[PDB]
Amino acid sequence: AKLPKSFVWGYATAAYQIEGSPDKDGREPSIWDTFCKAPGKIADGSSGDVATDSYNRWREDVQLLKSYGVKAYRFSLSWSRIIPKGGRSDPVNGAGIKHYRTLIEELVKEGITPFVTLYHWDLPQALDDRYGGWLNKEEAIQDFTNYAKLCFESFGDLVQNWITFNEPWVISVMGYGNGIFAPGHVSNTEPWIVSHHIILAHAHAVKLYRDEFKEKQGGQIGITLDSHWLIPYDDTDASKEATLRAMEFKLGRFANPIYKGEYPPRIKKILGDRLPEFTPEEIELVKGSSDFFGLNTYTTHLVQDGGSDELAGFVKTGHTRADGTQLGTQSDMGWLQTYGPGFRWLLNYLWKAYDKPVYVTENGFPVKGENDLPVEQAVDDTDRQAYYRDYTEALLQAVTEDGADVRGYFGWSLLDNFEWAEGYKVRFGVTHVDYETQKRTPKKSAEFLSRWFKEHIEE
């Protein structure tokens, strides 16, 4: 069985996670630059000051992608490189724009389709200081829309695949709910407000795209949402209901508004006044505001009722069944275990629920303890190859067999990189990086994926 010729595959990265050169060519700080200077926030006390030095080694990264035979490449734009201070009235940075324009043109020359994420968490710090970023409704919406417009104008004739936001669930929960990610806020209200404003900022950017650029540039625009596949801990009504509630707090609170036109029932009932209400005009704007369903997924979880964390929807999630059996192979992060079947079930679920072509914008695995391995051992990344073997198979079945409309798959990540609060200790690349020399060494998983997609995409 083979995926249609139109299917695209490749790898994904995020600007702050790989670029480095934090103040080069006019770039000003993002909230993540600030966050990494706060003690105790990053596990290994690192930052994205250097990362994989991909801002400078952008050419090398493109050659690497080409050598892998990818059909596409997903990367994000550092907002503070394009508009350093971020605002609609702030000075635009020609050098930053040119950098990305040149990168995209190299991708075009190499025949690699660019998938561009406008926002992958690096909000310009000036906006946070000016009005609290996403916390301010009208300022955040106008500035993001202006930023999106500038991006469409600057790269739109070469880019036909846009992603507004990368995981608003993470942006809101981790950044404003428990303070684990930048800007490190902790509140039972801000996460819901930030989420609301992002849904609106997203919708404004999409309407702008469709109305002023889509016809001439012939592209599409969507949002990337994260979601694991969730399975009831047992077959009791409490567990089944808890699973549905968990899906709402993770995915439904974003997908139902954007694809169906309203916030789901449970969360509104639970959060009450803390969950903002869309006005009739906002609902209209938001409903149907995504051309394709961008999905980032990594594992499967068992769900039980009785959780005490409101950010999770008052449920308990884990990878340990009632009989003690684990879902799958352990990775470097406790919550993430290998479970291919869940990927297949999730793809079908999403296609049926939201009726938009699915693009898996992220899927990968961090080999447990790989950071301690020398390059010659790290390249034999057995567990990562097994993960991709299981997940690509789930993908093949979902489309060709089950009938789920899935049109893209991007592996996270092209390179080992800065894994946010975990620092550099968690390795997700199909390519090993020696941070002391910046030398790139392909791991065996890279050979597996190149070979698998070559053999499973119609010629």
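We number the residues from 1 along the sequence you see.
A.B. asks: Comparing average C-alpha B factors as deposited, tell me which of 228 to 236 and 363 to 371 sits higher.
C.D. replies: Higher mean C-alpha B-factor in the PDB entry: 228 to 236.
A.B. asks: Averaged over C-alpha atoms, is the B-factor higher for 312 to 320 or for 194 to 202 in this PDB entry?
C.D. replies: The entry gives the higher C-alpha B-factor average to 312 to 320.
A.B. asks: Determine which member of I270, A148, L123, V358 has the highest CA B-factor, using the values in the deposited entry.
C.D. replies: Of the candidates given, the C-alpha B-factor peaks at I270.
A.B. asks: For the listed residues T297, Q220, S89, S172, which one has the largest C-alpha B-factor as given in the deposited model?
C.D. replies: Within the set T297, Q220, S89, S172, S89 shows the top C-alpha B-factor.
A.B. asks: Grab the CA temperature factor for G411 from the record and place it in the lowest, middle or highest third of its chain.
C.D. replies: Bottom third by C-alpha B-factor.
A.B. asks: Which third of the chain holds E28 when residues are ordered by C-alpha B factor: lowest, middle or highest?
C.D. replies: Answer is middle: the recorded C-alpha B-factor places it there.
A.B. asks: Among the chain's modelled residues, which third holds the C-alpha B-factor of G177?
C.D. replies: Answer is middle: the recorded C-alpha B-factor places it there.
A.B. asks: Sorting the chain's modelled residues by C-alpha B-factor, tell me whether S47 ends up in the lowest, middle or highest third.
C.D. replies: As the PDB entry reports it, the C-alpha B-factor of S47 lands in the lowest third of its chain.
A.B. asks: Lowest, middle or highest third of the chain for the C-alpha temperature factor of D402?
C.D. replies: Highest third - that is where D402 ends up once the chain's C-alpha B-factors are sorted.
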